[PDB]
>>> print(open('my_file-v4.cif').read())   # mmCIF, C-alpha atoms and all ligand atoms
data_structure
loop_
_atom_site.group_PDB
_atom_site.id
_atom_site.type_symbol
_atom_site.label_atom_id
_atom_site.label_comp_id
_atom_site.auth_asym_id
_atom_site.auth_seq_id
_atom_site.Cartn_x
_atom_site.Cartn_y
_atom_site.Cartn_z
ATOM 1 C CA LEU A 188 2.038 23.528 4.744
ATOM 2 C CA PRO A 189 0.667 24.504 8.167
ATOM 3 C CA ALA A 190 0.302 21.297 10.149
ATOM 4 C CA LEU A 191 -2.803 22.256 12.138
ATOM 5 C CA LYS A 192 -5.096 22.802 9.144
ATOM 6 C CA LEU A 193 -3.724 19.892 7.124
ATOM 7 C CA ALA A 194 -4.157 17.532 10.074
ATOM 8 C CA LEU A 195 -7.617 18.523 11.287
ATOM 9 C CA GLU A 196 -9.340 19.463 8.026
ATOM 10 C CA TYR A 197 -7.887 16.833 5.668
ATOM 11 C CA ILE A 198 -5.938 13.989 7.291
ATOM 12 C CA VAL A 199 -8.291 13.277 10.197
ATOM 13 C CA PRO A 200 -11.578 13.161 8.226
ATOM 14 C CA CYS A 201 -9.895 11.303 5.364
ATOM 15 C CA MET A 202 -8.475 8.662 7.714
ATOM 16 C CA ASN A 203 -11.680 8.168 9.679
ATOM 17 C CA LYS A 204 -13.793 7.910 6.504
ATOM 18 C CA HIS A 205 -11.441 5.894 4.277
ATOM 19 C CA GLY A 206 -8.513 4.614 6.357
ATOM 20 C CA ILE A 207 -6.183 5.951 3.640
ATOM 21 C CA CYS A 208 -4.943 9.503 3.062
ATOM 22 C CA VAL A 209 -2.632 10.822 0.332
ATOM 23 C CA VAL A 210 -0.943 14.225 0.647
ATOM 24 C CA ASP A 211 0.852 15.198 -2.554
ATOM 25 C CA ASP A 212 3.746 17.662 -2.787
ATOM 26 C CA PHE A 213 4.322 17.368 0.947
ATOM 27 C CA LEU A 214 7.714 19.082 1.328
ATOM 28 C CA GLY A 215 8.479 20.605 -2.074
ATOM 29 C CA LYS A 216 10.941 19.813 -4.832
ATOM 30 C CA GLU A 217 14.090 21.103 -3.129
ATOM 31 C CA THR A 218 13.599 19.257 0.163
ATOM 32 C CA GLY A 219 12.400 16.114 -1.595
ATOM 33 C CA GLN A 220 15.520 16.137 -3.757
ATOM 34 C CA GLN A 221 17.815 16.531 -0.738
ATOM 35 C CA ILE A 222 16.070 13.563 0.886
ATOM 36 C CA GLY A 223 16.575 11.541 -2.288
ATOM 37 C CA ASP A 224 20.298 12.309 -2.326
ATOM 38 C CA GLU A 225 20.612 11.250 1.320
ATOM 39 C CA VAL A 226 18.799 7.974 0.613
ATOM 40 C CA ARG A 227 20.925 7.292 -2.472
ATOM 41 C CA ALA A 228 24.024 7.911 -0.338
ATOM 42 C CA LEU A 229 22.917 5.259 2.162
ATOM 43 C CA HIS A 230 22.324 2.906 -0.769
ATOM 44 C CA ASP A 231 25.704 3.676 -2.327
ATOM 45 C CA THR A 232 27.628 3.132 0.932
ATOM 46 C CA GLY A 233 26.234 -0.349 1.600
ATOM 47 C CA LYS A 234 23.915 0.517 4.486
ATOM 48 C CA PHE A 235 20.931 -1.482 3.226
ATOM 49 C CA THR A 236 20.159 -5.035 4.343
ATOM 50 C CA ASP A 237 17.439 -7.485 3.355
ATOM 51 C CA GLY A 238 13.976 -6.585 4.595
ATOM 52 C CA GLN A 239 12.818 -8.864 7.401
ATOM 53 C CA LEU A 240 9.538 -10.263 8.707
ATOM 54 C CA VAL A 241 7.942 -10.253 12.153
ATOM 55 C CA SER A 242 7.906 -14.066 12.345
ATOM 56 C CA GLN A 243 10.576 -16.042 10.485
ATOM 57 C CA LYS A 244 9.905 -19.642 9.464
ATOM 58 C CA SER A 245 11.434 -22.145 7.044
ATOM 59 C CA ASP A 246 11.036 -19.699 4.146
ATOM 60 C CA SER A 247 13.428 -17.085 2.794
ATOM 61 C CA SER A 248 12.536 -13.457 3.419
ATOM 62 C CA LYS A 249 13.099 -12.720 -0.274
ATOM 63 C CA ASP A 250 10.142 -14.939 -1.206
ATOM 64 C CA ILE A 251 8.023 -12.410 0.727
ATOM 65 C CA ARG A 252 9.627 -8.966 0.343
ATOM 66 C CA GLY A 253 12.401 -8.063 -2.084
ATOM 67 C CA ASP A 254 13.429 -4.684 -0.672
ATOM 68 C CA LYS A 255 16.596 -3.735 1.195
ATOM 69 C CA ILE A 256 16.352 -1.349 4.119
ATOM 70 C CA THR A 257 18.092 0.564 6.875
ATOM 71 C CA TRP A 258 16.721 2.128 10.060
ATOM 72 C CA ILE A 259 17.287 5.859 10.585
ATOM 73 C CA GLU A 260 16.808 7.776 13.833
ATOM 74 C CA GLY A 261 17.064 11.176 12.115
ATOM 75 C CA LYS A 262 20.132 12.626 13.855
ATOM 76 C CA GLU A 263 22.816 10.673 11.980
ATOM 77 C CA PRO A 264 25.322 12.696 9.933
ATOM 78 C CA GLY A 265 24.185 12.733 6.326
ATOM 79 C CA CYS A 266 20.534 12.128 7.281
ATOM 80 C CA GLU A 267 19.554 15.641 8.369
ATOM 81 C CA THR A 268 16.791 16.113 5.794
ATOM 82 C CA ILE A 269 15.419 12.648 6.549
ATOM 83 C CA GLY A 270 15.237 13.908 10.124
ATOM 84 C CA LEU A 271 13.320 16.946 8.874
ATOM 85 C CA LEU A 272 10.861 14.645 7.099
ATOM 86 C CA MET A 273 10.466 12.642 10.299
ATOM 87 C CA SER A 274 9.874 15.790 12.355
ATOM 88 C CA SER A 275 7.316 16.968 9.787
ATOM 89 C CA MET A 276 5.475 13.635 9.985
ATOM 90 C CA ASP A 277 5.576 13.820 13.786
ATOM 91 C CA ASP A 278 4.158 17.358 13.696
ATOM 92 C CA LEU A 279 1.129 16.216 11.703
ATOM 93 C CA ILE A 280 0.527 13.289 14.050
ATOM 94 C CA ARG A 281 0.731 15.453 17.181
ATOM 95 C CA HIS A 282 -1.922 17.767 15.721
ATOM 96 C CA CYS A 283 -4.157 14.680 15.287
ATOM 97 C CA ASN A 284 -3.992 13.749 18.986
ATOM 98 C CA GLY A 285 -7.184 11.996 20.025
ATOM 99 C CA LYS A 286 -8.824 12.389 16.606
ATOM 100 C CA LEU A 287 -7.613 9.308 14.655
ATOM 101 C CA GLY A 288 -10.077 6.601 15.612
ATOM 102 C CA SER A 289 -9.812 5.719 19.292
ATOM 103 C CA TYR A 290 -6.013 5.545 19.242
ATOM 104 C CA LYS A 291 -3.680 7.376 21.628
ATOM 105 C CA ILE A 292 -0.537 7.933 19.541
ATOM 106 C CA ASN A 293 2.495 8.564 21.770
ATOM 107 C CA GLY A 294 5.411 7.017 19.863
ATOM 108 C CA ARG A 295 6.674 5.528 16.626
ATOM 109 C CA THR A 296 9.311 3.342 15.040
ATOM 110 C CA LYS A 297 12.540 4.636 13.628
ATOM 111 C CA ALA A 298 12.316 5.450 9.926
ATOM 112 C CA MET A 299 12.598 2.508 7.532
ATOM 113 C CA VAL A 300 14.466 3.687 4.441
ATOM 114 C CA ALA A 301 13.497 1.094 1.831
ATOM 115 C CA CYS A 302 14.699 0.301 -1.680
ATOM 116 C CA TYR A 303 13.230 -2.102 -4.203
ATOM 117 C CA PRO A 304 16.219 -2.440 -6.577
ATOM 118 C CA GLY A 305 14.252 -3.017 -9.751
ATOM 119 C CA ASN A 306 14.541 -6.509 -11.204
ATOM 120 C CA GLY A 307 10.889 -7.222 -10.429
ATOM 121 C CA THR A 308 11.269 -6.960 -6.656
ATOM 122 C CA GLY A 309 8.167 -6.316 -4.599
ATOM 123 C CA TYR A 310 6.214 -7.259 -1.482
ATOM 124 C CA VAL A 311 3.520 -9.940 -1.513
ATOM 125 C CA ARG A 312 0.071 -9.137 -0.130
ATOM 126 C CA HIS A 313 0.325 -8.575 3.613
ATOM 127 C CA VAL A 314 -0.980 -6.702 6.653
ATOM 128 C CA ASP A 315 1.501 -4.424 8.409
ATOM 129 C CA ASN A 316 0.252 -5.269 11.924
ATOM 130 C CA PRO A 317 -1.997 -8.353 11.983
ATOM 131 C CA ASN A 318 -1.369 -9.546 15.550
ATOM 132 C CA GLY A 319 -1.572 -6.405 17.688
ATOM 133 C CA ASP A 320 2.059 -5.313 17.993
ATOM 134 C CA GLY A 321 1.041 -1.680 18.568
ATOM 135 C CA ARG A 322 1.260 -0.191 15.082
ATOM 136 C CA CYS A 323 -1.884 1.742 14.198
ATOM 137 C CA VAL A 324 -0.826 4.162 11.421
ATOM 138 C CA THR A 325 1.545 3.527 8.518
ATOM 139 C CA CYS A 326 3.184 6.670 7.099
ATOM 140 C CA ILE A 327 5.133 6.529 3.825
ATOM 141 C CA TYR A 328 7.054 9.225 1.934
ATOM 142 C CA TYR A 329 7.990 8.514 -1.690
ATOM 143 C CA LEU A 330 10.965 10.071 -3.463
ATOM 144 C CA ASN A 331 11.003 8.665 -7.009
ATOM 145 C CA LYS A 332 11.462 11.545 -9.413
ATOM 146 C CA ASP A 333 10.662 10.604 -13.018
ATOM 147 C CA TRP A 334 8.832 7.419 -11.960
ATOM 148 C CA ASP A 335 6.524 6.099 -14.702
ATOM 149 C CA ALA A 336 4.466 3.363 -13.055
ATOM 150 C CA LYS A 337 3.022 2.091 -16.336
ATOM 151 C CA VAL A 338 6.527 0.899 -17.293
ATOM 152 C CA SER A 339 8.452 0.670 -14.001
ATOM 153 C CA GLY A 340 5.626 -0.741 -11.877
ATOM 154 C CA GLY A 341 6.001 -0.424 -8.136
ATOM 155 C CA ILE A 342 2.382 0.498 -7.428
ATOM 156 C CA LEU A 343 1.209 0.067 -3.847
ATOM 157 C CA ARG A 344 -2.204 -1.613 -4.077
ATOM 158 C CA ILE A 345 -4.337 -1.468 -0.927
ATOM 159 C CA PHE A 346 -7.499 -3.540 -0.478
ATOM 160 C CA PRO A 347 -9.403 -1.443 2.091
ATOM 161 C CA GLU A 348 -11.965 -3.518 3.948
ATOM 162 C CA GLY A 349 -15.553 -2.866 2.945
ATOM 163 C CA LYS A 350 -14.885 -0.896 -0.247
ATOM 164 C CA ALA A 351 -16.092 -1.610 -3.777
ATOM 165 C CA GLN A 352 -12.720 -0.529 -5.221
ATOM 166 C CA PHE A 353 -9.126 -1.087 -4.219
ATOM 167 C CA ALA A 354 -6.730 1.848 -3.892
ATOM 168 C CA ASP A 355 -3.729 2.115 -6.216
ATOM 169 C CA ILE A 356 -0.990 4.458 -4.962
ATOM 170 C CA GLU A 357 1.829 5.292 -7.357
ATOM 171 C CA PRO A 358 5.150 5.852 -5.499
ATOM 172 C CA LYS A 359 5.206 9.463 -6.644
ATOM 173 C CA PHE A 360 7.967 11.915 -5.759
ATOM 174 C CA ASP A 361 7.134 14.005 -2.664
ATOM 175 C CA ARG A 362 3.932 12.073 -1.917
ATOM 176 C CA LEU A 363 3.006 11.383 1.708
ATOM 177 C CA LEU A 364 0.658 8.495 2.522
ATOM 178 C CA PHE A 365 -1.155 7.428 5.700
ATOM 179 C CA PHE A 366 -3.209 4.279 6.241
ATOM 180 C CA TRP A 367 -4.374 2.106 9.126
ATOM 181 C CA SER A 368 -1.750 -0.566 9.773
ATOM 182 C CA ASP A 369 -4.140 -3.291 10.967
ATOM 183 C CA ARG A 370 -6.142 -5.861 8.991
ATOM 184 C CA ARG A 371 -8.394 -3.176 7.493
ATOM 185 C CA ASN A 372 -5.702 -2.485 4.852
ATOM 186 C CA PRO A 373 -4.102 -5.556 3.313
ATOM 187 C CA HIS A 374 -1.740 -4.335 0.624
ATOM 188 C CA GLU A 375 1.013 -5.347 -1.766
ATOM 189 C CA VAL A 376 3.906 -3.661 -3.548
ATOM 190 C CA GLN A 377 3.661 -4.690 -7.191
ATOM 191 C CA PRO A 378 6.904 -5.610 -8.980
ATOM 192 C CA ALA A 379 9.274 -2.706 -9.583
ATOM 193 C CA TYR A 380 11.388 -2.643 -12.746
ATOM 194 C CA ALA A 381 13.451 0.382 -11.703
ATOM 195 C CA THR A 382 15.050 1.385 -8.409
ATOM 196 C CA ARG A 383 12.222 2.472 -6.076
ATOM 197 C CA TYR A 384 12.778 4.386 -2.828
ATOM 198 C CA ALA A 385 10.455 5.138 0.084
ATOM 199 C CA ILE A 386 10.702 6.033 3.770
ATOM 200 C CA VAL A 387 8.279 4.271 6.120
ATOM 201 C CA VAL A 388 7.409 5.167 9.709
ATOM 202 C CA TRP A 389 4.870 3.352 11.886
ATOM 203 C CA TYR A 390 3.019 5.150 14.681
ATOM 204 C CA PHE A 391 2.083 3.258 17.841
ATOM 205 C CA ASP A 392 -1.119 3.176 19.836
ATOM 206 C CA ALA A 393 0.022 3.545 23.438
ATOM 207 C CA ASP A 394 -2.224 0.896 24.994
ATOM 208 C CA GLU A 395 -1.742 -1.733 22.295
ATOM 209 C CA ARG A 396 2.010 -1.086 22.193
ATOM 210 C CA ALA A 397 2.228 -1.490 25.975
ATOM 211 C CA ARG A 398 0.446 -4.851 25.771
ATOM 212 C CA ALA A 399 2.799 -5.961 22.987
ATOM 213 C CA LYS A 400 5.877 -4.982 25.001
ATOM 214 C CA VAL A 401 4.552 -6.908 28.009
ATOM 215 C CA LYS A 402 4.140 -10.010 25.846
ATOM 216 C CA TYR A 403 7.689 -9.616 24.533
ATOM 217 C CA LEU A 404 9.259 -9.007 27.950
ATOM 218 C CA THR A 405 7.533 -12.062 29.471
ATOM 219 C CA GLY A 406 8.336 -14.511 26.669
ATOM 220 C CA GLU A 407 5.048 -14.208 24.764
ATOM 221 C CA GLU B 523 -5.565 -19.941 7.706
ATOM 222 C CA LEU B 524 -2.114 -18.401 7.266
ATOM 223 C CA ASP B 525 -0.128 -16.858 10.117
ATOM 224 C CA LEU B 526 -0.017 -13.300 8.801
ATOM 225 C CA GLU B 527 2.893 -12.456 11.121
ATOM 226 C CA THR B 528 5.096 -14.434 8.703
ATOM 227 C CA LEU B 529 4.361 -11.760 6.061
ATOM 228 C CA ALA B 530 4.342 -8.656 8.281
ATOM 229 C CA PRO B 531 7.280 -6.213 8.062
ATOM 230 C CA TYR B 532 9.671 -6.484 10.989
ATOM 231 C CA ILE B 533 10.054 -3.753 13.583
ATOM 232 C CA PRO B 534 12.317 -3.828 16.669
ATOM 233 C CA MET B 535 10.237 -4.956 19.627
ATOM 234 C CA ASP B 536 12.302 -3.483 22.487
ATOM 235 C CA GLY B 537 14.584 -0.511 22.983
ATOM 236 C CA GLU B 538 13.977 1.411 19.743
ATOM 237 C CA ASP B 539 10.638 3.180 20.318
ATOM 238 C CA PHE B 540 10.670 6.961 19.760
ATOM 239 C CA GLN B 541 8.507 9.132 22.033
ATOM 240 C CA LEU B 542 6.553 11.997 20.498
HETATM 241 O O1 LIG A 601 6.647 0.989 -0.272
HETATM 242 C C1 LIG A 601 5.450 0.862 -0.115
HETATM 243 O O2 LIG A 601 4.558 1.426 -0.889
HETATM 244 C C2 LIG A 601 4.835 0.043 0.981
HETATM 245 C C3 LIG A 601 5.836 -0.730 1.820
HETATM 246 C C4 LIG A 601 5.190 -1.823 2.630
HETATM 247 O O3 LIG A 601 4.098 -2.285 2.324
HETATM 248 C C5 LIG A 601 5.926 -2.359 3.881
HETATM 249 O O4 LIG A 601 7.138 -2.234 4.004
HETATM 250 O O5 LIG A 601 5.151 -2.944 4.759
HETATM 251 FE FE FE A 602 3.292 -2.905 4.248
#
>>> encode(input="my_file-v4.cif", output="structure tokens")
Amino acid sequence: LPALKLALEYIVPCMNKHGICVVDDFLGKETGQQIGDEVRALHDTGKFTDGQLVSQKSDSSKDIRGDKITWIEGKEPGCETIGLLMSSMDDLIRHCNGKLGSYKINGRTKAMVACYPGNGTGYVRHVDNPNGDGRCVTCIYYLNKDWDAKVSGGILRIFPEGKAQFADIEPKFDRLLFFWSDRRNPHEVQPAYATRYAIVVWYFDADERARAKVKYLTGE
Amino acid sequence: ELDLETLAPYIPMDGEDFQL
């Protein structure tokens, strides 16, 4: 759908009012299916590795998050439609310039292609960016055709600050999701009992990201 | 309190930022 209208008339007001925005049927069945095949090819060729945490301590990462992931730039052979998804996400964000809170969004991470391989895997309650590493917006695309959350689980539960209800997001095929990455939106991925795929991109605030890079380049 | 960075999903901190 046209990026300008979607961004300014739905995403921006929804994010500023609620900090969470769901766009269903983002790319259509055909494109969503091609993305799914590309993700399943990465899975089938051994590209995924255990999901990792910002700060690693005595504990195992699998006690925290049970997914396996790979990072995709978008230009790799066999990832062309993932690149199209990424470009489509970027297009929406560019049309939001200066309208999402006070942030100045000039960059993003690579795409995290993520798989919870059933077996009850999930992600304990967490904040995506609790310590100011530059991430301001989390963007997720789901590609689980035939997902029945009542049996297979995998619901993303967000606890938006200051709300009388939490937000339950089923990992529905062709669903696009935005939410603030900071402490306003603690969230958890509830156990998945079937193979669950998503693609995650984080968008950076320029000023916060610059401060985070300074801290990294000077030894914290 | 808990150090929430021990639960936060990892991202590369240098050399992998995409410019829009
Ligand atoms: O897959 C999801 O719904 C959310 C993933 C998530 O919370 C993360 O990787 O930080
Ligand atoms: Fe998260």
>>> atom_distance(input="my_file-v4.cif", atom1="atom CA of residue 536 of chain B", atom2="atom CA of residue 253 of chain A")
25.0 Å
>>> residues_around(input="my_file-v4.cif", residues="residue 367 of chain A", least_positions_apart="3", cutoff="6 Å", atoms="all atoms listed in the file", output="list in words")
residues 206, 323 and 324 of chain A
>>> residues_near_ligand(input="my_file-v4.cif", ligand="ligand LIG 601 (chain A)", cutoff="7 Å", atoms="all atoms listed in the file", output="ChimeraX atom specification")
/A:310,315,327,342-343,358,374-376,385,387 /B:530-531
>>> closest_residue(input="my_file-v4.cif", among="A:191, A:241, A:386, A:354", to="chain B", atoms="only C-alpha atoms")
A:241
>>> resolve_selection(input="my_file-v4.cif", expression="the PyMOL selection byres (((not hetatm)) within 12 of (chain A and resi 602))", output="VMD selection string")
(chain A and resid 238 to 241 251 to 252 254 299 301 309 to 317 322 324 to 327 343 to 346 364 to 370 372 to 377 385 to 389) or (chain B and resid 526 to 527 529 to 533)
>>> write_last_selection(input="my_file-v4.cif", atoms="C-alpha atoms", output="PDB file, in the coordinates of the input")
ATOM      1  CA  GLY A 238      13.976  -6.585   4.595  1.00  0.00           C
ATOM      2  CA  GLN A 239      12.818  -8.864   7.401  1.00  0.00           C
ATOM      3  CA  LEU A 240       9.538 -10.263   8.707  1.00  0.00           C
ATOM      4  CA  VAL A 241       7.942 -10.253  12.153  1.00  0.00           C
ATOM      5  CA  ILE A 251       8.023 -12.410   0.727  1.00  0.00           C
ATOM      6  CA  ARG A 252       9.627  -8.966   0.343  1.00  0.00           C
ATOM      7  CA  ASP A 254      13.429  -4.684  -0.672  1.00  0.00           C
ATOM      8  CA  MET A 299      12.598   2.508   7.532  1.00  0.00           C
ATOM      9  CA  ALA A 301      13.497   1.094   1.831  1.00  0.00           C
ATOM     10  CA  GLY A 309       8.167  -6.316  -4.599  1.00  0.00           C
ATOM     11  CA  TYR A 310       6.214  -7.259  -1.482  1.00  0.00           C
ATOM     12  CA  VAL A 311       3.520  -9.940  -1.513  1.00  0.00           C
ATOM     13  CA  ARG A 312       0.071  -9.137  -0.130  1.00  0.00           C
ATOM     14  CA  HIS A 313       0.325  -8.575   3.613  1.00  0.00           C
ATOM     15  CA  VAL A 314      -0.980  -6.702   6.653  1.00  0.00           C
ATOM     16  CA  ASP A 315       1.501  -4.424   8.409  1.00  0.00           C
ATOM     17  CA  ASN A 316       0.252  -5.269  11.924  1.00  0.00           C
ATOM     18  CA  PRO A 317      -1.997  -8.353  11.983  1.00  0.00           C
ATOM     19  CA  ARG A 322       1.260  -0.191  15.082  1.00  0.00           C
ATOM     20  CA  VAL A 324      -0.826   4.162  11.421  1.00  0.00           C
ATOM     21  CA  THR A 325       1.545   3.527   8.518  1.00  0.00           C
ATOM     22  CA  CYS A 326       3.184   6.670   7.099  1.00  0.00           C
ATOM     23  CA  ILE A 327       5.133   6.529   3.825  1.00  0.00           C
ATOM     24  CA  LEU A 343       1.209   0.067  -3.847  1.00  0.00           C
ATOM     25  CA  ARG A 344      -2.204  -1.613  -4.077  1.00  0.00           C
ATOM     26  CA  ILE A 345      -4.337  -1.468  -0.927  1.00  0.00           C
ATOM     27  CA  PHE A 346      -7.499  -3.540  -0.478  1.00  0.00           C
ATOM     28  CA  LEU A 364       0.658   8.495   2.522  1.00  0.00           C
ATOM     29  CA  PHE A 365      -1.155   7.428   5.700  1.00  0.00           C
ATOM     30  CA  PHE A 366      -3.209   4.279   6.241  1.00  0.00           C
ATOM     31  CA  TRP A 367      -4.374   2.106   9.126  1.00  0.00           C
ATOM     32  CA  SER A 368      -1.750  -0.566   9.773  1.00  0.00           C
ATOM     33  CA  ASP A 369      -4.140  -3.291  10.967  1.00  0.00           C
ATOM     34  CA  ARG A 370      -6.142  -5.861   8.991  1.00  0.00           C
ATOM     35  CA  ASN A 372      -5.702  -2.485   4.852  1.00  0.00           C
ATOM     36  CA  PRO A 373      -4.102  -5.556   3.313  1.00  0.00           C
ATOM     37  CA  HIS A 374      -1.740  -4.335   0.624  1.00  0.00           C
ATOM     38  CA  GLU A 375       1.013  -5.347  -1.766  1.00  0.00           C
ATOM     39  CA  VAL A 376       3.906  -3.661  -3.548  1.00  0.00           C
ATOM     40  CA  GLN A 377       3.661  -4.690  -7.191  1.00  0.00           C
ATOM     41  CA  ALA A 385      10.455   5.138   0.084  1.00  0.00           C
ATOM     42  CA  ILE A 386      10.702   6.033   3.770  1.00  0.00           C
ATOM     43  CA  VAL A 387       8.279   4.271   6.120  1.00  0.00           C
ATOM     44  CA  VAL A 388       7.409   5.167   9.709  1.00  0.00           C
ATOM     45  CA  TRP A 389       4.870   3.352  11.886  1.00  0.00           C
TER      46      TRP A 389
ATOM     47  CA  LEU B 526      -0.017 -13.300   8.801  1.00  0.00           C
ATOM     48  CA  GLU B 527       2.893 -12.456  11.121  1.00  0.00           C
ATOM     49  CA  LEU B 529       4.361 -11.760   6.061  1.00  0.00           C
ATOM     50  CA  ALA B 530       4.342  -8.656   8.281  1.00  0.00           C
ATOM     51  CA  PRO B 531       7.280  -6.213   8.062  1.00  0.00           C
ATOM     52  CA  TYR B 532       9.671  -6.484  10.989  1.00  0.00           C
ATOM     53  CA  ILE B 533      10.054  -3.753  13.583  1.00  0.00           C
TER      54      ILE B 533
END
>>> resolve_selection(input="my_file-v4.cif", expression="the PyMOL selection byres (((chain B and resi 540) around 10) and not hetatm)", output="PyMOL selection string")
(chain A and resi 260+293-297+390-391) or (chain B and resi 537-539+541-542)
>>> residues_near_point(input="my_file-v4.cif", point="(3.1, 6.2, -6.8)", cutoff="8 Å", atoms="only C-alpha atoms", output="list in words")
residues 329, 334, 336, 341, 342, 343, 355, 356, 357, 358, 359, 360 and 362 of chain A
>>> write_last_selection(input="my_file-v4.cif", atoms="C-alpha atoms", output="PDB file, in the coordinates of the input")
ATOM      1  CA  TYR A 329       7.990   8.514  -1.690  1.00  0.00           C
ATOM      2  CA  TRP A 334       8.832   7.419 -11.960  1.00  0.00           C
ATOM      3  CA  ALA A 336       4.466   3.363 -13.055  1.00  0.00           C
ATOM      4  CA  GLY A 341       6.001  -0.424  -8.136  1.00  0.00           C
ATOM      5  CA  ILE A 342       2.382   0.498  -7.428  1.00  0.00           C
ATOM      6  CA  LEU A 343       1.209   0.067  -3.847  1.00  0.00           C
ATOM      7  CA  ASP A 355      -3.729   2.115  -6.216  1.00  0.00           C
ATOM      8  CA  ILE A 356      -0.990   4.458  -4.962  1.00  0.00           C
ATOM      9  CA  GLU A 357       1.829   5.292  -7.357  1.00  0.00           C
ATOM     10  CA  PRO A 358       5.150   5.852  -5.499  1.00  0.00           C
ATOM     11  CA  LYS A 359       5.206   9.463  -6.644  1.00  0.00           C
ATOM     12  CA  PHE A 360       7.967  11.915  -5.759  1.00  0.00           C
ATOM     13  CA  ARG A 362       3.932  12.073  -1.917  1.00  0.00           C
TER      14      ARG A 362
END
>>> closest_residue(input="my_file-v4.cif", among="A:195, A:257, A:287, A:379", to="residue 230 of chain A", atoms="only C-alpha atoms")
A:257
>>> atom_distance(input="my_file-v4.cif", atom1="atom CA of residue 281 of chain A", atom2="atom CA of residue 227 of chain A")
29.3 Å
>>> resolve_selection(input="my_file-v4.cif", expression="the PyMOL selection byres (((chain A and resi 272) around 12) and not hetatm)", output="compact mmCIF listing (two decimals) with C-alpha atoms, in the frame of the given file")
# COMPACT_ATOMS: atom_id res chain seq x y z
CA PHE A 213 4.32 17.37 0.95
CA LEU A 214 7.71 19.08 1.33
CA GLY A 215 8.48 20.60 -2.07
CA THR A 218 13.60 19.26 0.16
CA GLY A 219 12.40 16.11 -1.60
CA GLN A 220 15.52 16.14 -3.76
CA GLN A 221 17.82 16.53 -0.74
CA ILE A 222 16.07 13.56 0.89
CA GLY A 223 16.58 11.54 -2.29
CA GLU A 225 20.61 11.25 1.32
CA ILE A 259 17.29 5.86 10.58
CA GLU A 260 16.81 7.78 13.83
CA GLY A 261 17.06 11.18 12.12
CA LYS A 262 20.13 12.63 13.86
CA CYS A 266 20.53 12.13 7.28
CA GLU A 267 19.55 15.64 8.37
CA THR A 268 16.79 16.11 5.79
CA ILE A 269 15.42 12.65 6.55
CA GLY A 270 15.24 13.91 10.12
CA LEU A 271 13.32 16.95 8.87
CA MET A 273 10.47 12.64 10.30
CA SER A 274 9.87 15.79 12.36
CA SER A 275 7.32 16.97 9.79
CA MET A 276 5.48 13.64 9.98
CA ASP A 277 5.58 13.82 13.79
CA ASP A 278 4.16 17.36 13.70
CA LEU A 279 1.13 16.22 11.70
CA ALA A 298 12.32 5.45 9.93
CA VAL A 300 14.47 3.69 4.44
CA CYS A 326 3.18 6.67 7.10
CA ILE A 327 5.13 6.53 3.82
CA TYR A 328 7.05 9.22 1.93
CA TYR A 329 7.99 8.51 -1.69
CA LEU A 330 10.96 10.07 -3.46
CA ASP A 361 7.13 14.00 -2.66
CA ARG A 362 3.93 12.07 -1.92
CA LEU A 363 3.01 11.38 1.71
CA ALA A 385 10.46 5.14 0.08
CA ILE A 386 10.70 6.03 3.77
CA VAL A 387 8.28 4.27 6.12
CA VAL A 388 7.41 5.17 9.71
>>> atom_distance(input="my_file-v4.cif", atom1="atom CA of residue 393 of chain A", atom2="atom CA of residue 211 of chain A")
28.5 Å
>>> closest_residue(input="my_file-v4.cif", among="A:196, A:224, A:246, A:394", to="chain B", atoms="all atoms listed in the file")
A:246
>>> closest_residue(input="my_file-v4.cif", among="A:209, A:226, A:292, A:381", to="chain B", atoms="only C-alpha atoms")
A:292
